[PDB]
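Chemist: Okay, here's the structure, questions in a sec.
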Amino acid sequence: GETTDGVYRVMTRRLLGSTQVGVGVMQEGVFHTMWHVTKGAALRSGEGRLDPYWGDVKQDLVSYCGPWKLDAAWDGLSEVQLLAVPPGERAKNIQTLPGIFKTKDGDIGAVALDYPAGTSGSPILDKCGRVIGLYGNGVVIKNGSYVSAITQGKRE
Amino acid sequence: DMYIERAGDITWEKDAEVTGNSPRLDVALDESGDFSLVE
Ligand SMILES: c1cnc2c(c1)NCCC2
């Protein structure tokens, strides 16, 4: 299968035609996506198979072929870019200044950008091109708009 | 059966479209990984 670093669509042929259920990141031989995209199922890459290696429903993250490799963090001050990969559409960068999710366990950056559910797993990057988290787990605020957490895993 | 297809490189784009606001929200995260607003 294709092991080149970069952003990938996650597709299924179980439903009508070929449907994009999410997106993920290949980095250092490991595939990274949100748990709600794959539900922890195995994935195909050409004739090859990717097996889950680590996952956590509460963090809403999963890694395949090895442990979670992404460890960059939002600096709390600068604009970032969502590398949105929408269903049936070309990868596109969107720059934004994150907001904050304040929780009883600390604060997390959040991006107020609304894309189709199949865009879940798209990477959020800093100015060095490092992935600071994945887009697609968030909340719907008063005015009906979507705000995603910048969800990042731990590199053991 | 799920499969992956490459969509691009991961790089910062100079002069990308700039949008979105920056809301500061009080939220709760449950055991199922669902975020909710605390009001
Ligand atoms: C973009 C990414 N994920 C989601 C949405 C949008 N909307 C609904 C909940 C999941």
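The numbers used for chain A are those of Swiss-Prot, and the residues that appear cover 1514-1669, in sequence.
Heads up, header says this was done by X-ray crystallography, 1.4 Å.
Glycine residues also receive a Cβ, built from the backbone N, Cα and C atoms like all the rest.
Annotation source Swiss-Prot lists active site, charge relay system at A:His1549, A:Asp1573, A:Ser1633.
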Chemist: Looking at Cβ-Cβ distances, which residues of the chain lie under 8 angstroms from A:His1549 (active site, charge relay system) while being 6 or more apart from it?
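Modeler: A:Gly1535, A:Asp1573, A:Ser1633, A:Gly1649, A:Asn1650 - these are the non-local Cβ neighbours of A:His1549 (active site, charge relay system), listed in sequence order.
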Chemist: Look up A:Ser1633 (active site, charge relay system) in the DSSP assignment and report helix, strand or coil.
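Modeler: In the DSSP reduction, A:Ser1633 (active site, charge relay system) maps to coil.
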Chemist: Among the active-site residues (A:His1549, A:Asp1573, A:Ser1633), which are close to chain B, meaning C-beta separation under 8 angstroms?
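Modeler: Cβ contacts with chain B under 8 Å: A:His1549, A:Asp1573.
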Chemist: What active-site residues among A:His1549, A:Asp1573, A:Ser1633 have a C-beta sitting less than 6 Å from any atom of ligand 1?
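Modeler: By the Cβ criterion, which requires under 6 Å to ligand 1, the hits are A:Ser1633.
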Chemist: On the three-state reduction of DSSP, what should I expect for A:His1549 (active site, charge relay system)?
Modeler: helix
Chemist: Let's check the environment of A:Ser1633 (active site, charge relay system): how many other CB atoms sit within 10 Å of its CB?
Modeler: 26
Chemist: By the DSSP assignment reduced to helix, strand and coil, which category contains A:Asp1573 (active site, charge relay system)?
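Modeler: Where A:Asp1573 (active site, charge relay system) sits, the three-state DSSP reduction gives coil.
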